[PDB]
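Okay, structure first, notes after.
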Amino acid sequence: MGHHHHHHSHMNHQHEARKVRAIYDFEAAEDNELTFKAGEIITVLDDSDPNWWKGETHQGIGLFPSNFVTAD
């Protein structure tokens, strides 16, 4: 037995999507990476670790581990 399972428990918390502003520019090198320039407002939907953040831009949705950004 054993194939694939993905089931989250009902984690009733204040799931707040937070925003971060870019100070430096970088286009997505990988498909998992995020494409955006300097000054942009990236909505980070899930930051589990300060090493890998998942955010949203109108250029694409992905990760920006370089952390060349600020929080506002």
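Every chain in the structure tokens takes a letter, A first, then B, and so on in the order presented; its residues are numbered from 1, and the ligands are numbered from 1 following the presented order.
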
Name all residues at most 9 Å from residue A:52 (count only C-alpha atoms; drop same-chain ones fewer than 5 positions away) and give them as a count of residues only. 6

So which residues touch stretch 29-46 of chain A within 9 Å, counting only C-alpha atoms, skipping near sequence neighbours fewer than 5 positions away, as a ChimeraX atom specification? /A:16-24,53-65,69,72

Length of the atom CA of residue A:15 to atom CA of residue A:28 vector [Å]: 26.4 Å

Residue set, chain A restricted to strand (DSSP E), as a PyMOL selection string: chain A and resi 18-22+41-49+52-56+61-63+69-71

Mind writing the picked residues with C-alpha atoms as a JSON list (two decimals), in the first residue's frame?
```
[["chain", "number", "residue", "atom", "x", "y", "z"],
["A", 18, "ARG", "CA", 0.21, 39.78, 3.87],
["A", 19, "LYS", "CA", 2.03, 42.18, 1.47],
["A", 20, "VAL", "CA", 5.73, 42.86, 0.75],
["A", 21, "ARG", "CA", 7.32, 45.56, -1.46],
["A", 22, "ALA", "CA", 10.28, 44.76, -3.75],
["A", 41, "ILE", "CA", 3.79, 45.06, -4.34],
["A", 42, "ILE", "CA", 4.00, 41.27, -3.86],
["A", 43, "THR", "CA", 1.16, 39.64, -1.87],
["A", 44, "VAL", "CA", 2.81, 36.71, -0.02],
["A", 45, "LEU", "CA", 0.08, 34.09, 0.50],
["A", 46, "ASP", "CA", 2.15, 31.68, 2.63],
["A", 47, "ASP", "CA", 5.51, 32.16, 4.39],
["A", 48, "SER", "CA", 6.34, 28.88, 6.21],
["A", 49, "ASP", "CA", 10.08, 29.60, 6.40],
["A", 52, "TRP", "CA", 11.12, 30.37, 0.95],
["A", 53, "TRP", "CA", 8.17, 32.80, 0.50],
["A", 54, "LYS", "CA", 5.22, 32.21, -1.89],
["A", 55, "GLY", "CA", 3.82, 35.46, -3.34],
["A", 56, "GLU", "CA", 1.59, 36.87, -6.10],
["A", 61, "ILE", "CA", 2.76, 33.51, -8.85],
["A", 62, "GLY", "CA", 5.76, 31.77, -7.25],
["A", 63, "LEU", "CA", 8.66, 31.88, -4.77],
["A", 69, "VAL", "CA", 12.01, 42.86, -0.33],
["A", 70, "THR", "CA", 10.40, 44.76, 2.59],
["A", 71, "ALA", "CA", 7.09, 44.37, 4.49]]
```
